>>> print(open('work23.cif').read())   # mmCIF, C-alpha atoms
data_data
loop_
_atom_site.label_atom_id
_atom_site.label_comp_id
_atom_site.auth_asym_id
_atom_site.auth_seq_id
_atom_site.Cartn_x
_atom_site.Cartn_y
_atom_site.Cartn_z
CA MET A 1 71.54 -61.83 -11.57
CA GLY A 2 74.85 -63.11 -10.16
CA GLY A 3 75.67 -59.43 -9.71
CA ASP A 4 75.75 -56.17 -11.71
CA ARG A 5 76.48 -52.55 -10.67
CA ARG A 6 74.51 -50.11 -12.86
CA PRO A 7 72.51 -46.88 -13.11
CA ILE A 8 68.86 -47.35 -12.45
CA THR A 9 65.97 -45.22 -11.35
CA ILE A 10 64.42 -46.20 -8.01
CA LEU A 11 60.88 -45.26 -6.94
CA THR A 12 59.48 -45.86 -3.52
CA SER A 13 55.98 -45.04 -2.18
CA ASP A 14 54.52 -45.07 1.25
CA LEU A 15 51.15 -44.41 2.83
CA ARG A 16 51.87 -41.35 5.06
CA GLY A 17 50.56 -42.45 8.49
CA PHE A 18 48.44 -45.56 7.61
CA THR A 19 50.70 -47.59 10.00
CA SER A 20 49.26 -45.57 12.87
CA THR A 21 45.55 -45.34 11.95
CA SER A 22 45.35 -49.04 10.81
CA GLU A 23 45.49 -50.00 14.51
CA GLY A 24 41.80 -48.89 14.64
CA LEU A 25 40.62 -51.20 11.83
CA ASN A 26 39.44 -54.76 11.78
CA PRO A 27 42.17 -57.11 10.32
CA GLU A 28 40.11 -57.87 7.21
CA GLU A 29 39.64 -54.13 6.52
CA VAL A 30 43.44 -53.47 6.79
CA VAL A 31 44.20 -56.34 4.41
CA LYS A 32 41.39 -55.27 1.99
CA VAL A 33 42.37 -51.61 1.76
CA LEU A 34 45.97 -52.67 1.21
CA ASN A 35 45.11 -55.14 -1.53
CA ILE A 36 42.96 -52.53 -3.33
CA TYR A 37 45.90 -50.09 -3.13
CA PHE A 38 48.56 -52.66 -4.15
CA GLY A 39 46.47 -54.07 -7.01
CA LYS A 40 45.81 -50.59 -8.40
CA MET A 41 49.48 -49.43 -8.03
CA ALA A 42 50.69 -52.71 -9.68
CA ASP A 43 48.59 -51.82 -12.72
CA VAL A 44 50.20 -48.41 -13.14
CA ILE A 45 53.76 -49.74 -12.50
CA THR A 46 53.31 -52.48 -15.09
CA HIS A 47 51.88 -50.01 -17.64
CA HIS A 48 55.06 -48.01 -17.18
CA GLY A 49 57.46 -51.01 -17.38
CA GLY A 50 58.61 -50.95 -13.78
CA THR A 51 59.85 -53.87 -11.68
CA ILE A 52 58.06 -54.31 -8.34
CA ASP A 53 61.02 -55.21 -6.22
CA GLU A 54 59.04 -55.38 -2.98
CA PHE A 55 55.81 -54.78 -1.01
CA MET A 56 56.90 -53.61 2.48
CA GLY A 57 54.05 -53.18 4.96
CA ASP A 58 52.38 -50.23 3.18
CA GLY A 59 55.24 -49.35 0.89
CA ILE A 60 56.34 -50.38 -2.56
CA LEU A 61 59.86 -50.43 -3.99
CA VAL A 62 60.11 -50.21 -7.73
CA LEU A 63 62.99 -50.45 -10.27
CA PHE A 64 63.30 -48.96 -13.78
CA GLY A 65 66.48 -50.29 -15.38
CA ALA A 66 66.52 -53.79 -13.82
CA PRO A 67 66.40 -56.61 -15.05
CA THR A 68 66.21 -54.71 -18.35
CA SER A 69 67.04 -51.07 -19.08
CA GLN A 70 66.13 -48.32 -21.64
CA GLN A 71 67.01 -44.70 -22.43
CA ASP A 72 63.78 -43.36 -20.76
CA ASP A 73 64.01 -45.30 -17.45
CA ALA A 74 63.97 -42.03 -15.43
CA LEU A 75 61.18 -40.44 -17.49
CA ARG A 76 59.03 -43.59 -17.21
CA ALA A 77 59.63 -43.55 -13.46
CA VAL A 78 58.46 -39.97 -12.99
CA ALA A 79 55.48 -40.63 -15.26
CA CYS A 80 54.72 -43.70 -13.19
CA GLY A 81 54.94 -41.63 -9.95
CA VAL A 82 52.40 -39.02 -11.25
CA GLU A 83 49.98 -41.71 -12.50
CA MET A 84 50.34 -43.62 -9.14
CA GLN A 85 49.14 -40.52 -7.31
CA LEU A 86 46.30 -40.01 -9.78
CA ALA A 87 45.22 -43.70 -9.48
CA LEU A 88 44.94 -43.19 -5.71
CA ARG A 89 41.87 -40.93 -6.16
CA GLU A 90 40.19 -44.03 -7.51
CA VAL A 91 41.32 -46.28 -4.70
CA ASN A 92 40.15 -43.56 -2.31
CA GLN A 93 36.60 -43.51 -3.77
CA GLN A 94 36.48 -47.31 -3.12
CA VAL A 95 38.21 -47.19 0.33
CA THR A 96 35.82 -44.30 1.19
CA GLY A 97 32.66 -46.24 0.30
CA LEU A 98 33.98 -49.17 2.36
CA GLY A 99 33.27 -46.68 5.16
CA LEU A 100 36.97 -46.00 5.77
CA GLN A 101 39.06 -42.86 5.47
CA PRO A 102 41.09 -42.16 2.29
CA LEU A 103 44.80 -42.99 1.97
CA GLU A 104 47.50 -40.47 1.39
CA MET A 105 50.68 -41.44 -0.35
CA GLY A 106 54.14 -40.03 -0.64
CA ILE A 107 56.65 -40.90 -3.39
CA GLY A 108 60.44 -40.46 -3.66
CA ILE A 109 62.46 -41.16 -6.82
CA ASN A 110 66.27 -41.32 -7.18
CA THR A 111 68.53 -42.32 -10.06
CA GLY A 112 71.99 -43.78 -9.53
CA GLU A 113 74.48 -46.66 -9.54
CA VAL A 114 73.31 -49.67 -7.51
CA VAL A 115 74.19 -53.35 -7.25
CA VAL A 116 71.37 -55.61 -8.58
CA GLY A 117 71.17 -59.42 -8.50
CA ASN A 118 69.54 -62.52 -7.00
CA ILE A 119 69.92 -62.34 -3.18
CA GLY A 120 68.77 -65.07 -0.75
CA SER A 121 68.95 -68.73 0.34
CA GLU A 122 68.03 -72.15 -1.31
CA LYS A 123 64.27 -72.20 -0.91
CA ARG A 124 63.98 -68.41 -1.22
CA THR A 125 65.96 -66.23 -3.62
CA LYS A 126 65.08 -62.50 -4.03
CA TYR A 127 66.00 -60.08 -6.84
CA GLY A 128 67.69 -57.45 -4.83
CA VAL A 129 69.20 -54.07 -4.81
CA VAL A 130 72.00 -52.83 -2.63
CA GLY A 131 73.69 -49.57 -2.06
CA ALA A 132 73.68 -45.97 -0.76
CA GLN A 133 71.55 -44.87 -3.72
CA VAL A 134 68.77 -47.26 -2.61
CA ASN A 135 68.63 -45.72 0.93
CA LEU A 136 68.73 -42.14 -0.43
CA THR A 137 65.45 -42.87 -2.23
CA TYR A 138 63.65 -43.79 1.04
CA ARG A 139 65.15 -40.68 2.62
CA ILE A 140 63.86 -38.46 -0.24
CA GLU A 141 60.42 -40.07 0.10
CA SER A 142 60.49 -39.16 3.88
CA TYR A 143 60.26 -35.29 3.19
CA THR A 144 57.10 -35.75 1.25
CA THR A 145 53.52 -35.22 2.46
CA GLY A 146 50.35 -36.69 0.94
CA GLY A 147 50.01 -36.30 -2.82
CA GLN A 148 53.64 -35.34 -3.31
CA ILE A 149 56.43 -36.69 -5.51
CA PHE A 150 59.98 -35.71 -4.58
CA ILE A 151 62.81 -36.52 -6.99
CA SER A 152 66.55 -36.00 -6.78
CA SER A 153 68.59 -33.87 -9.19
CA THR A 154 69.95 -36.99 -10.89
CA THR A 155 66.40 -38.22 -11.73
CA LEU A 156 65.51 -34.76 -13.13
CA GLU A 157 68.60 -34.58 -15.34
CA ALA A 158 68.24 -38.17 -16.43
CA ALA A 159 64.49 -37.71 -17.20
CA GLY A 160 64.81 -34.37 -19.00
CA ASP A 161 62.66 -31.21 -19.16
CA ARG A 162 59.44 -33.16 -19.97
CA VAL A 163 59.40 -33.47 -16.23
CA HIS A 164 57.46 -30.45 -14.92
CA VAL A 165 58.51 -29.13 -11.48
CA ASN A 166 56.95 -26.80 -8.84
CA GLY A 167 60.26 -26.08 -7.13
CA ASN A 168 63.01 -27.59 -4.97
CA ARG A 169 63.96 -28.21 -1.35
CA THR A 170 67.46 -28.61 -0.06
CA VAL A 171 67.85 -31.38 2.54
CA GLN A 172 70.53 -33.39 4.33
CA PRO A 173 69.25 -36.59 6.07
CA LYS A 174 71.20 -38.20 9.00
CA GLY A 175 74.68 -39.13 7.87
CA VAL A 176 74.52 -37.53 4.39
CA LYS A 177 77.82 -35.87 3.42
CA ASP A 178 76.40 -32.74 1.67
CA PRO A 179 72.86 -31.32 1.17
CA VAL A 180 70.76 -32.78 -1.70
CA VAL A 181 68.31 -30.72 -3.71
CA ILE A 182 65.07 -32.55 -4.35
CA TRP A 183 62.40 -31.57 -6.82
CA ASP A 184 58.72 -31.23 -6.28
CA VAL A 185 57.04 -32.90 -9.34
CA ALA A 186 53.98 -31.17 -10.91
CA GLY A 187 53.56 -33.48 -13.91
CA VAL A 188 55.12 -34.87 -17.16
CA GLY A 189 54.69 -33.29 -20.64
CA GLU A 190 54.46 -34.94 -24.09
CA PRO A 191 53.79 -37.83 -24.70
CA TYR A 192 52.40 -38.45 -21.22
CA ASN A 193 50.56 -35.24 -20.37
CA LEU A 194 50.05 -36.32 -16.79
CA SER A 195 49.43 -33.67 -14.19
CA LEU A 196 48.80 -33.69 -10.42
CA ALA A 197 46.91 -30.39 -10.83
CA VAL A 198 45.08 -29.54 -14.09
CA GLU A 199 46.48 -26.74 -16.27
CA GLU A 200 43.41 -24.50 -16.17
CA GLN A 201 42.21 -23.36 -19.58
CA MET B 1 39.85 -61.74 1.63
CA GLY B 2 41.62 -60.90 4.95
CA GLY B 3 43.56 -61.90 8.05
CA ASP B 4 44.05 -61.70 11.81
CA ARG B 5 45.28 -59.33 14.54
CA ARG B 6 47.48 -61.08 17.05
CA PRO B 7 50.52 -60.81 19.36
CA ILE B 8 53.75 -61.93 17.79
CA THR B 9 57.47 -61.46 18.42
CA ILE B 10 59.22 -59.93 15.47
CA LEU B 11 63.00 -60.06 14.98
CA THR B 12 64.93 -57.91 12.51
CA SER B 13 68.66 -57.90 11.65
CA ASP B 14 70.82 -55.50 9.71
CA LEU B 15 74.40 -55.61 8.43
CA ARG B 16 75.80 -52.42 10.06
CA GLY B 17 77.95 -50.33 7.68
CA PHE B 18 77.41 -52.75 4.76
CA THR B 19 75.53 -50.47 2.36
CA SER B 20 78.48 -48.12 2.62
CA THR B 21 81.14 -50.91 2.38
CA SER B 22 79.29 -52.55 -0.65
CA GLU B 23 79.93 -49.34 -2.65
CA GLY B 24 83.61 -50.42 -2.80
CA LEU B 25 83.05 -54.06 -3.76
CA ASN B 26 82.76 -55.64 -7.13
CA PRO B 27 79.07 -56.53 -7.69
CA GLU B 28 79.67 -60.37 -7.75
CA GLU B 29 81.29 -59.99 -4.36
CA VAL B 30 78.32 -58.00 -2.88
CA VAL B 31 75.87 -60.75 -3.99
CA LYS B 32 78.09 -63.57 -2.78
CA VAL B 33 78.53 -62.02 0.65
CA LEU B 34 74.75 -61.53 0.97
CA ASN B 35 74.13 -65.12 -0.08
CA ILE B 36 76.64 -66.58 2.35
CA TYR B 37 75.04 -64.55 5.14
CA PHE B 38 71.41 -65.30 4.22
CA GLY B 39 72.21 -68.99 3.60
CA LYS B 40 73.39 -69.48 7.16
CA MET B 41 70.89 -67.11 8.86
CA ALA B 42 68.11 -69.05 7.15
CA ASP B 43 69.54 -72.25 8.63
CA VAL B 44 69.51 -70.72 12.13
CA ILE B 45 66.07 -69.24 11.78
CA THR B 46 64.61 -72.48 10.34
CA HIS B 47 66.18 -74.50 13.16
CA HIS B 48 64.27 -72.19 15.63
CA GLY B 49 60.81 -72.28 13.96
CA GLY B 50 61.04 -68.68 12.75
CA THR B 51 59.14 -67.62 9.59
CA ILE B 52 61.26 -65.60 7.19
CA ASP B 53 59.05 -62.73 6.12
CA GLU B 54 61.44 -60.71 3.91
CA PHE B 55 65.10 -60.45 2.78
CA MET B 56 66.44 -56.91 2.13
CA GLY B 57 69.65 -55.74 0.54
CA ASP B 58 71.18 -56.27 4.01
CA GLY B 59 68.34 -57.50 6.17
CA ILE B 60 65.88 -60.00 7.48
CA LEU B 61 62.36 -59.76 8.88
CA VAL B 62 61.49 -62.80 10.97
CA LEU B 63 58.24 -63.66 12.85
CA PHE B 64 57.70 -65.82 15.88
CA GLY B 65 53.93 -66.31 16.22
CA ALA B 66 52.76 -66.08 12.57
CA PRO B 67 51.21 -68.14 10.85
CA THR B 68 51.63 -70.54 13.81
CA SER B 69 51.87 -69.22 17.40
CA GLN B 70 52.77 -70.62 20.79
CA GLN B 71 53.39 -68.82 24.15
CA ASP B 72 57.24 -68.85 24.39
CA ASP B 73 57.92 -67.75 20.89
CA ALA B 74 59.44 -64.78 22.65
CA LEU B 75 62.27 -66.69 24.35
CA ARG B 76 62.80 -68.70 21.11
CA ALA B 77 63.11 -65.39 19.19
CA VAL B 78 65.79 -64.16 21.60
CA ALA B 79 67.59 -67.53 21.44
CA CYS B 80 67.49 -67.29 17.66
CA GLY B 81 69.03 -63.78 17.78
CA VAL B 82 71.85 -65.16 19.96
CA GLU B 83 72.51 -68.05 17.56
CA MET B 84 72.39 -65.61 14.61
CA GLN B 85 75.20 -63.56 16.09
CA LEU B 86 77.17 -66.73 16.82
CA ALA B 87 76.58 -68.18 13.29
CA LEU B 88 77.94 -64.92 11.84
CA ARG B 89 81.40 -66.18 12.92
CA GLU B 90 81.13 -68.97 10.33
CA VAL B 91 79.96 -66.67 7.52
CA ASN B 92 82.87 -64.42 8.33
CA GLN B 93 85.41 -67.29 7.99
CA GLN B 94 84.20 -67.65 4.36
CA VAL B 95 83.77 -63.89 3.75
CA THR B 96 87.29 -63.12 5.02
CA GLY B 97 88.48 -66.30 3.29
CA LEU B 98 87.63 -64.37 0.12
CA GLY B 99 89.76 -61.48 1.36
CA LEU B 100 86.77 -59.34 2.08
CA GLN B 101 85.87 -57.46 5.25
CA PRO B 102 83.90 -59.29 7.99
CA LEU B 103 80.24 -58.40 8.42
CA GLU B 104 78.90 -56.98 11.70
CA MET B 105 75.26 -57.43 12.55
CA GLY B 106 72.77 -55.77 14.84
CA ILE B 107 69.37 -57.24 15.78
CA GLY B 108 66.18 -55.81 17.30
CA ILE B 109 63.31 -57.84 18.79
CA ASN B 110 59.84 -56.59 19.88
CA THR B 111 56.62 -58.32 20.99
CA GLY B 112 53.23 -56.98 20.17
CA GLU B 113 49.99 -57.13 18.27
CA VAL B 114 50.17 -56.77 14.59
CA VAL B 115 47.89 -57.44 11.70
CA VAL B 116 49.03 -60.38 9.61
CA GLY B 117 47.52 -61.50 6.30
CA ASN B 118 47.88 -62.18 2.62
CA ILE B 119 48.84 -59.00 0.90
CA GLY B 120 50.02 -57.41 -2.27
CA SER B 121 49.28 -57.98 -5.94
CA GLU B 122 46.41 -59.77 -7.65
CA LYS B 123 49.04 -62.34 -8.75
CA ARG B 124 52.18 -63.11 -6.73
CA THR B 125 51.02 -62.06 -3.21
CA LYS B 126 53.19 -62.70 -0.10
CA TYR B 127 52.53 -63.18 3.67
CA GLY B 128 52.62 -59.78 5.32
CA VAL B 129 52.66 -58.15 8.69
CA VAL B 130 51.49 -54.58 9.29
CA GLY B 131 51.50 -52.28 12.29
CA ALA B 132 53.38 -49.81 14.51
CA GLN B 133 54.95 -52.69 16.41
CA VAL B 134 56.73 -53.83 13.21
CA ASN B 135 58.21 -50.37 12.76
CA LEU B 136 59.11 -50.30 16.45
CA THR B 137 61.34 -53.37 16.10
CA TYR B 138 63.31 -51.60 13.23
CA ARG B 139 63.62 -48.50 15.46
CA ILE B 140 64.85 -50.64 18.38
CA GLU B 141 67.46 -52.22 16.07
CA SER B 142 68.73 -48.86 14.66
CA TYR B 143 70.34 -48.25 18.13
CA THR B 144 72.35 -51.41 17.83
CA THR B 145 76.03 -51.53 16.89
CA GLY B 146 77.83 -54.68 15.53
CA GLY B 147 77.38 -57.80 17.73
CA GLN B 148 74.48 -56.35 19.77
CA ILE B 149 70.88 -57.55 20.22
CA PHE B 150 68.35 -54.96 21.62
CA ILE B 151 64.95 -56.13 22.90
CA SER B 152 61.79 -54.36 24.07
CA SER B 153 60.60 -54.94 27.62
CA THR B 154 57.40 -56.59 26.33
CA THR B 155 59.76 -59.12 24.68
CA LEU B 156 61.84 -59.50 27.88
CA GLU B 157 58.60 -59.91 29.95
CA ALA B 158 57.13 -62.49 27.60
CA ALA B 159 60.50 -64.35 27.47
CA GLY B 160 61.33 -64.11 31.20
CA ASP B 161 64.40 -64.72 33.34
CA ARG B 162 66.28 -66.95 30.97
CA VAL B 163 67.06 -63.84 28.88
CA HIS B 164 70.24 -62.48 30.43
CA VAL B 165 70.68 -58.77 29.91
CA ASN B 166 73.81 -56.53 30.00
CA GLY B 167 71.79 -53.47 30.95
CA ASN B 168 69.01 -51.11 30.06
CA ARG B 169 68.50 -47.91 28.04
CA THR B 170 65.49 -45.64 27.56
CA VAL B 171 64.94 -44.17 24.08
CA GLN B 172 62.46 -41.76 22.53
CA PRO B 173 62.25 -42.64 18.85
CA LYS B 174 60.39 -40.01 16.76
CA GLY B 175 56.73 -40.42 15.78
CA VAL B 176 56.02 -42.64 18.80
CA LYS B 177 55.23 -40.33 21.74
CA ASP B 178 56.26 -42.43 24.80
CA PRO B 179 59.86 -43.63 25.47
CA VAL B 180 60.62 -47.36 25.07
CA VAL B 181 62.97 -49.10 27.45
CA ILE B 182 65.33 -51.35 25.47
CA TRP B 183 67.52 -54.19 26.78
CA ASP B 184 71.03 -55.22 25.82
CA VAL B 185 71.04 -59.01 25.50
CA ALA B 186 74.08 -60.98 26.85
CA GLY B 187 72.66 -64.53 26.28
CA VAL B 188 69.98 -67.07 27.15
CA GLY B 189 69.79 -69.91 29.65
CA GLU B 190 68.25 -73.38 29.71
CA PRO B 191 67.81 -75.17 27.41
CA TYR B 192 69.89 -73.10 24.89
CA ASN B 193 72.80 -71.96 27.06
CA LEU B 194 74.01 -69.57 24.44
CA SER B 195 76.04 -66.50 25.31
CA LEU B 196 77.29 -63.54 23.24
CA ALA B 197 80.49 -62.63 25.13
#
>>> encode(input="work23.cif", output="structure tokens")
Amino acid sequence: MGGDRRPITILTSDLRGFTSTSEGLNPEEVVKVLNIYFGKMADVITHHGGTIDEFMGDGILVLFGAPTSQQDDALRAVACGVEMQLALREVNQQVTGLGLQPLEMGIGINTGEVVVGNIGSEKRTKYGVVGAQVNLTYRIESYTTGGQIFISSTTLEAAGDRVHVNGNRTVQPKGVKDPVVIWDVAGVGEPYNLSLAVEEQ
Amino acid sequence: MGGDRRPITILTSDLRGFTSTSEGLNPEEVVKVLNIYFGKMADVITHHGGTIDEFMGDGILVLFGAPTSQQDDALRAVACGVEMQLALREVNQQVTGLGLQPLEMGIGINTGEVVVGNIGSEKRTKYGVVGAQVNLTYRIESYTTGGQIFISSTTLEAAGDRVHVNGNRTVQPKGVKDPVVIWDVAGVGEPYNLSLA
């Protein structure tokens, strides 16, 4: 980029304890499960116009607002989060019939000012993101258990009331100045109508 | 489509306090500083046969043992760490020559079995390393302050006597049940003869 500081919405996912239990698997099985997961997530991210910034062991870092931004960056991110979780049921049917146990995934989303641009060397430049707001997203993701999406207050305000919420948690990770409230996502309303649990008729 | 489980030495570095300091810089300055630092670190790493796995907003993952191994990767990893700290003095001449605060860097090194393989998308897939022992090296490094290299004892045992150590510390990082002993590296002996203070 050469360097810009701007509001974006950052999403990060991780596979709640797959690090640990992968130690039991043959190396081809670890790689296969991970490719099935990554391939499937990459489909949902792309459908929602996110930028896969990086694949990090069993984690994914995604940007909405960089290289290009829109008015609904935060909405698209939340909708992407919910559909990522729902796409995991599918990957879990496959992983499960490979004879392996299902994956569980946690997701954190934060919206804020970050530095974006091309970071790296000669033979290896990387489109990168730097700042406190990046780290806070990882930290938010950390409170999550399997199947959950936690989002900060700035992502909820930025996304709007089409984001449906079960409730909040107030946290303060190591070296954070004041507590942050994070929001437990249930689903997104019109025009997405994506839900983690079905509204029972 | 798959890969291999094998013992490798993994090195990770971090620009201590930089995320926080970057929040005061102009964005052209943040990118330039990263690029000066990565440019030179990549030089040092390449000179030592390290494989650069990833670059992060203030960070490097390096591997000694993937996709090519040999038995004293571990000493060469520690030597590389020592040269990285020393090379930071040149990046700082340029960084401070722009009137900008000097970087400090911490580094963690660990030796263990990981899974390595080709991983990610159906399209632009990178070379990846997975396992607890990757995460351990990031834990090890989180205890570092500017100018300091911390190594696991498996790394010190693989590398041997030519790693000179300032002293020991035993930590219990969360998640992992047993405490790891970590070593404060002062320098390395023949043939590198590189020292940190």
>>> resolve_selection(input="work23.cif", expression="the PyMOL selection byres ((chain A and resi 142) around 12)", output="short mmCIF file (atom, residue, chain, number, x, y, z; two decimals) with C-alpha atoms, in the frame of the given file")
data_model
loop_
_atom_site.label_atom_id
_atom_site.label_comp_id
_atom_site.auth_asym_id
_atom_site.auth_seq_id
_atom_site.Cartn_x
_atom_site.Cartn_y
_atom_site.Cartn_z
CA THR A 12 59.48 -45.86 -3.52
CA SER A 13 55.98 -45.04 -2.18
CA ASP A 14 54.52 -45.07 1.25
CA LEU A 15 51.15 -44.41 2.83
CA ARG A 16 51.87 -41.35 5.06
CA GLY A 17 50.56 -42.45 8.49
CA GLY A 59 55.24 -49.35 0.89
CA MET A 105 50.68 -41.44 -0.35
CA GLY A 106 54.14 -40.03 -0.64
CA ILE A 107 56.65 -40.90 -3.39
CA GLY A 108 60.44 -40.46 -3.66
CA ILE A 109 62.46 -41.16 -6.82
CA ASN A 135 68.63 -45.72 0.93
CA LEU A 136 68.73 -42.14 -0.43
CA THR A 137 65.45 -42.87 -2.23
CA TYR A 138 63.65 -43.79 1.04
CA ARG A 139 65.15 -40.68 2.62
CA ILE A 140 63.86 -38.46 -0.24
CA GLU A 141 60.42 -40.07 0.10
CA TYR A 143 60.26 -35.29 3.19
CA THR A 144 57.10 -35.75 1.25
CA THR A 145 53.52 -35.22 2.46
CA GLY A 146 50.35 -36.69 0.94
CA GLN A 148 53.64 -35.34 -3.31
CA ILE A 149 56.43 -36.69 -5.51
CA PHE A 150 59.98 -35.71 -4.58
CA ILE A 151 62.81 -36.52 -6.99
CA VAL A 171 67.85 -31.38 2.54
CA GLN A 172 70.53 -33.39 4.33
CA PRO A 173 69.25 -36.59 6.07
CA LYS A 174 71.20 -38.20 9.00
CA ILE A 182 65.07 -32.55 -4.35
#
>>> residues_around(input="work23.cif", residues="residue A:188", least_positions_apart="3", cutoff="6 Å", atoms="all atoms listed in the file", output="list in words")
residues 162, 163, 164, 193 and 194 of chain A
>>> interface_residues(input="work23.cif", of="chain B", to="chain A", cutoff="8 Å", atoms="only C-alpha atoms", output="tab-separated table (two decimals) with C-alpha atoms, in the frame of the given file")
chain	number	residue	atom	x	y	z
B	1	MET	CA	39.85	-61.74	1.63
B	2	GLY	CA	41.62	-60.90	4.95
B	3	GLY	CA	43.56	-61.90	8.05
B	4	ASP	CA	44.05	-61.70	11.81
B	5	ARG	CA	45.28	-59.33	14.54
B	19	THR	CA	75.53	-50.47	2.36
B	20	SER	CA	78.48	-48.12	2.62
B	22	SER	CA	79.29	-52.55	-0.65
B	23	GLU	CA	79.93	-49.34	-2.65
B	26	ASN	CA	82.76	-55.64	-7.13
B	27	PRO	CA	79.07	-56.53	-7.69
B	28	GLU	CA	79.67	-60.37	-7.75
B	29	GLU	CA	81.29	-59.99	-4.36
B	30	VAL	CA	78.32	-58.00	-2.88
B	31	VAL	CA	75.87	-60.75	-3.99
B	34	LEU	CA	74.75	-61.53	0.97
B	35	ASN	CA	74.13	-65.12	-0.08
B	38	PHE	CA	71.41	-65.30	4.22
B	39	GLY	CA	72.21	-68.99	3.60
B	42	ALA	CA	68.11	-69.05	7.15
B	55	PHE	CA	65.10	-60.45	2.78
B	56	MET	CA	66.44	-56.91	2.13
B	57	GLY	CA	69.65	-55.74	0.54
B	58	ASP	CA	71.18	-56.27	4.01
B	115	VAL	CA	47.89	-57.44	11.70
B	116	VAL	CA	49.03	-60.38	9.61
B	117	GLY	CA	47.52	-61.50	6.30
B	118	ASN	CA	47.88	-62.18	2.62
B	119	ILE	CA	48.84	-59.00	0.90
B	120	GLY	CA	50.02	-57.41	-2.27
B	121	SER	CA	49.28	-57.98	-5.94
B	122	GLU	CA	46.41	-59.77	-7.65
B	128	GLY	CA	52.62	-59.78	5.32
B	129	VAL	CA	52.66	-58.15	8.69
B	130	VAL	CA	51.49	-54.58	9.29
B	131	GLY	CA	51.50	-52.28	12.29
B	132	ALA	CA	53.38	-49.81	14.51
>>> closest_residue(input="work23.cif", among="A:183, A:76, A:178, A:99", to="residue A:159", atoms="only C-alpha atoms")
A:76
>>> atom_distance(input="work23.cif", atom1="atom CA of residue A:73", atom2="atom CA of residue A:8")
7.3 Å
>>> closest_residue(input="work23.cif", among="B:164, B:6, B:123, B:174", to="residue B:70", atoms="all atoms listed in the file")
B:6
>>> residues_near_point(input="work23.cif", point="(56.9, -46.0, 26.9)", cutoff="12 Å", atoms="only C-alpha atoms", output="number ranges by chain")
B: 136, 152-154, 169-173, 176-182
>>> residues_around(input="work23.cif", residues="stretch 105-110 of chain B", least_positions_apart="4", cutoff="9 Å", atoms="all atoms listed in the file", output="PyMOL selection string")
chain B and resi 8-16+74+77-78+81+84-85+88+133-134+136-156
>>> write_last_selection(input="work23.cif", atoms="C-alpha atoms", output="PDB file, in the coordinates of the input")
ATOM      1  CA  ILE B   8      53.750 -61.930  17.790  1.00  0.00           C
ATOM      2  CA  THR B   9      57.470 -61.460  18.420  1.00  0.00           C
ATOM      3  CA  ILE B  10      59.220 -59.930  15.470  1.00  0.00           C
ATOM      4  CA  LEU B  11      63.000 -60.060  14.980  1.00  0.00           C
ATOM      5  CA  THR B  12      64.930 -57.910  12.510  1.00  0.00           C
ATOM      6  CA  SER B  13      68.660 -57.900  11.650  1.00  0.00           C
ATOM      7  CA  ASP B  14      70.820 -55.500   9.710  1.00  0.00           C
ATOM      8  CA  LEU B  15      74.400 -55.610   8.430  1.00  0.00           C
ATOM      9  CA  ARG B  16      75.800 -52.420  10.060  1.00  0.00           C
ATOM     10  CA  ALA B  74      59.440 -64.780  22.650  1.00  0.00           C
ATOM     11  CA  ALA B  77      63.110 -65.390  19.190  1.00  0.00           C
ATOM     12  CA  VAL B  78      65.790 -64.160  21.600  1.00  0.00           C
ATOM     13  CA  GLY B  81      69.030 -63.780  17.780  1.00  0.00           C
ATOM     14  CA  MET B  84      72.390 -65.610  14.610  1.00  0.00           C
ATOM     15  CA  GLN B  85      75.200 -63.560  16.090  1.00  0.00           C
ATOM     16  CA  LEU B  88      77.940 -64.920  11.840  1.00  0.00           C
ATOM     17  CA  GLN B 133      54.950 -52.690  16.410  1.00  0.00           C
ATOM     18  CA  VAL B 134      56.730 -53.830  13.210  1.00  0.00           C
ATOM     19  CA  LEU B 136      59.110 -50.300  16.450  1.00  0.00           C
ATOM     20  CA  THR B 137      61.340 -53.370  16.100  1.00  0.00           C
ATOM     21  CA  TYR B 138      63.310 -51.600  13.230  1.00  0.00           C
ATOM     22  CA  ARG B 139      63.620 -48.500  15.460  1.00  0.00           C
ATOM     23  CA  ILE B 140      64.850 -50.640  18.380  1.00  0.00           C
ATOM     24  CA  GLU B 141      67.460 -52.220  16.070  1.00  0.00           C
ATOM     25  CA  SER B 142      68.730 -48.860  14.660  1.00  0.00           C
ATOM     26  CA  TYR B 143      70.340 -48.250  18.130  1.00  0.00           C
ATOM     27  CA  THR B 144      72.350 -51.410  17.830  1.00  0.00           C
ATOM     28  CA  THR B 145      76.030 -51.530  16.890  1.00  0.00           C
ATOM     29  CA  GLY B 146      77.830 -54.680  15.530  1.00  0.00           C
ATOM     30  CA  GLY B 147      77.380 -57.800  17.730  1.00  0.00           C
ATOM     31  CA  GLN B 148      74.480 -56.350  19.770  1.00  0.00           C
ATOM     32  CA  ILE B 149      70.880 -57.550  20.220  1.00  0.00           C
ATOM     33  CA  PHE B 150      68.350 -54.960  21.620  1.00  0.00           C
ATOM     34  CA  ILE B 151      64.950 -56.130  22.900  1.00  0.00           C
ATOM     35  CA  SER B 152      61.790 -54.360  24.070  1.00  0.00           C
ATOM     36  CA  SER B 153      60.600 -54.940  27.620  1.00  0.00           C
ATOM     37  CA  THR B 154      57.400 -56.590  26.330  1.00  0.00           C
ATOM     38  CA  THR B 155      59.760 -59.120  24.680  1.00  0.00           C
ATOM     39  CA  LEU B 156      61.840 -59.500  27.880  1.00  0.00           C
TER      40      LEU B 156
END
>>> atom_distance(input="work23.cif", atom1="atom CA of residue A:179", atom2="atom CA of residue A:158")
19.4 Å
